[PDB]
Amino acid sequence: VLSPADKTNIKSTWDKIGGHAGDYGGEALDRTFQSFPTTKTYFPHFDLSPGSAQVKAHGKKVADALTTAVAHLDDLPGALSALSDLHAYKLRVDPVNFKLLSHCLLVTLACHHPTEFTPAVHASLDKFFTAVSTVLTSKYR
């Protein structure tokens, strides 16, 4: 639903990660590929090694899209519509994979910002990631 406290928790946390967002995107992908091998299947054209330039560069793209979402919490469907077509129509990503990546994104944030990672902040971010995943899979429903 995304309530005022939620939005506040999301904006505040993103403000903290700031210039590190891109790095976090790359790290979260690494965590996803290592923890859930089935996900590597969507990136056959990638050198899926650990500090790879391709993984790092893609992580920056993912982090940028999330930053755009943070700026448009009121209209996620509008802000992410192009990405919705890409994921549903062209890539045909299994919905289950979004949960796996979302989990690794939370772990990455927990690792780097333990102090702001309170139970309330954890619940707001999970709501945020679940909201983004829903929009990126909306063409299936």
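Counting begins at 1, following the sequence as shown.
For the two regions 59-67 and 100-108, the entry's Cα B-factors average higher over 59-67. Just going by the entry, 120-128 versus 12-20 on mean CA temperature factor gives the higher value to 12-20.
Of the residues listed, 26, 50, 95, 44, the entry assigns the biggest Cα temperature factor to 50.
Ranked within its chain, residue 36 lands in the middle third, by CA B factor from the PDB record.
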